[PDB]
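Remarks on the structure that follows.
Positions are given from 1, in the same order as the sequence printed here.
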Amino acid sequence: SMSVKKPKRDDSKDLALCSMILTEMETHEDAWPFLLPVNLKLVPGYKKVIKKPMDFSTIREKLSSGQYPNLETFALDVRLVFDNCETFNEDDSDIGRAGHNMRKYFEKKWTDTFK
């Protein structure tokens with residue numbers, strides 16, 4: 001509360017470490033459904049159904065331009081990518097399985113880096 005603060009957790013490396021995690025996700029062989037925004041002109045249903053589209057290129061641009069206020073807002077956008085994928089794709093599709101694999105991969109890097 002006012003003039004009463006918990007000790008300062010060092011966040012000075014967070015930007016660099018989120019960038020490293022994002023590089024690792026970008027270079028994973030199963031990243032291909034997630035590298036670019038879904039083409040809203042060419043994929044029926046996507047625009048209406050997926051209220052907040054997100055992809056790795058869009059996170060990379062946000063990261064590079066100071067649009068994440070903290071590491072939690074970064075993780076929210078990453079998870080959004082996989083949440084959208086599960087909303088639109090059957091679990092037993094190539095894209096559906098890619099999304100499960102990538103979410104697993106991300107959550108381990110996240111825990112190992114920050115928890």
Side-chain angles (χ1 to χ4, degrees), residues 1-7 9-12 14-114:
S1 70
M2 196 187 328
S3 312
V4 180
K5 284 301 147 346
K6 288 211 187 54
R9 191 217 157 238
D10 183 5
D11 66 348
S12 60
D14 289 355
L15 180 66
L17 290 160
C18 289
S19 176
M20 291 172 58
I21 293 170
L22 181 54
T23 295
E24 294 157 2
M25 277 190 308
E26 289 162 337
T27 59
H28 192 297
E29 68 162 288
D30 302 338
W32 59 265
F34 315 113
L35 295 179
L36 299 178
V38 173
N39 186 332
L40 299 184
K41 300 173 199 293
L42 306 180
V43 178
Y46 208 85
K47 196 172 199 296
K48 184 65 183 274
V49 171
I50 298 299
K51 302 307 183 171
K52 292 174 69 175
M54 185 55 55
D55 69 285
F56 295 168
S57 79
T58 297
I59 301 172
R60 170 66 72 191
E61 185 62 37
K62 287 180 67 167
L63 194 64
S64 289
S65 59
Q67 291 187 68
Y68 296 113
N70 55 59
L71 86 167
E72 300 304 337
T73 58
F74 169 81
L76 282 171
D77 263 357
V78 176
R79 291 169 181 146
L80 174 63
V81 172
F82 305 131
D83 291 349
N84 290 343
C85 181
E86 274 197 62
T87 294
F88 206 82
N89 294 272
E90 279 291 344
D91 298 340
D92 188 11
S93 59
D94 294 280
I95 292 172
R97 277 188 283 282
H100 292 296
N101 287 351
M102 292 303 310
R103 180 191 301 272
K104 188 80 175 175
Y105 189 74
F106 168 67
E107 288 307 345
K108 169 101 158 74
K109 305 278 184 185
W110 189 252
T111 295
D112 292 354
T113 303
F114 294 115

Legend entry - Residue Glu61 excluded, over 12 heavy atoms near CD under 6.0 Å: no
Legend entry - Any donor-acceptor N/O pair, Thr73 side chain to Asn70 backbone, under 3.5 Å: yes
Inset, instruction - Could I get the full list of ring pair (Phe, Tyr, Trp, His ring centres under 6.0 Å) partners for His100, not counting sequence neighbours? - result: none
Inset, instruction - Without swapping roles, check the side chain of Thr58 against the backbone of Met54 for a donor-acceptor pair under 3.5 Å. - result: no
Legend entry - Expected output: side-chain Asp14 to main-chain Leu17 donor-acceptor under 3.5 Å: no
Legend entry - side chain to side chain contact (heavy atoms under 4.5 Å, CB included) partner of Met25, chosen from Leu35, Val81, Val78: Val78
Legend entry - Where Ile95 and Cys85 come nearest, the two heavy atoms and their spacing: O-SG, 3.5 Å
Inset, instruction - Could I get the full list of side-chain contact (heavy atoms from CB on, under 4.5 Å) partners for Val38, not counting sequence neighbours? - result: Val43, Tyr46
Legend entry - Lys/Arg-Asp/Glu bridge criterion (N-O < 4.0 Å) met for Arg97, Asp91: no
Inset, instruction - With rounding to the nearest 0.5 Å, note down the distance linking OG1 in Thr27 to CZ in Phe56. - result: 10.0 Å
Inset, instruction - Decide yes or no for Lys41 and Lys47: does some side-chain heavy atom of the first lie under 4.5 Å from some side-chain heavy atom of the second? - result: no
Inset, instruction - Check for a donor-acceptor pair, side chain of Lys48 on one end and backbone N or O of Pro44 on the other, with a separation under 3.5 Å. - result: no
Legend entry - Same apolar cluster (I L V M F W Y, side chains within < 4.5 Å links), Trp110/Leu76: no
Inset, instruction - Please confirm whether the backbone N or O of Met102 pairs with a side-chain atom of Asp30, one donor and one acceptor, at under 3.5 Å? - result: no
Legend entry - Value rounded to 0.5 Å, distance of CG in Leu63 from CG in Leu15: 5.0 Å
Legend entry - Note, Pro53 side chain near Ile50 side chain (heavy atom, < 4.5 Å): yes
Legend entry - Rounded distance [0.5 Å steps], CG in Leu22 versus OG in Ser57: 9.5 Å
Inset, instruction - Mind telling me whether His28 and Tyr105 have parallel, tilted or perpendicular rings, with 30° and 60° as the class edges? - result: perpendicular
Legend entry - Side chain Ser1, main chain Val4, donor-acceptor under 3.5 Å: no
Inset, instruction - Could you grab the distance from atom CG of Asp77 to atom CD of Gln67, nearest 0.5 Å is fine? - result: 9.5 Å
Inset, instruction - Spell out, as yes or no, whether a donor-acceptor pair under 3.5 Å connects the side chain of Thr113 to the backbone of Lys109. - result: yes
Legend entry - Reported CD1-to-CZ distance for the pair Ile59 and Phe34, which is rounded to 0.5 angstrom: 11.0 Å
Legend entry - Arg103 bridged to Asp83 by N-O distance under 4.0 Å: yes
Inset, instruction - Could you please spell out the steps behind the side-chain contact (heavy atoms from CB on, under 4.5 Å) verdict for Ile21 and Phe114? - result: CA-CA 11 Å; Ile21 293 170; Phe114 294 115; 3.9 Å; yes
Legend entry - Side-chain donor or acceptor of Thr23 paired with backbone N/O of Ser19 under 3.5 Å: yes
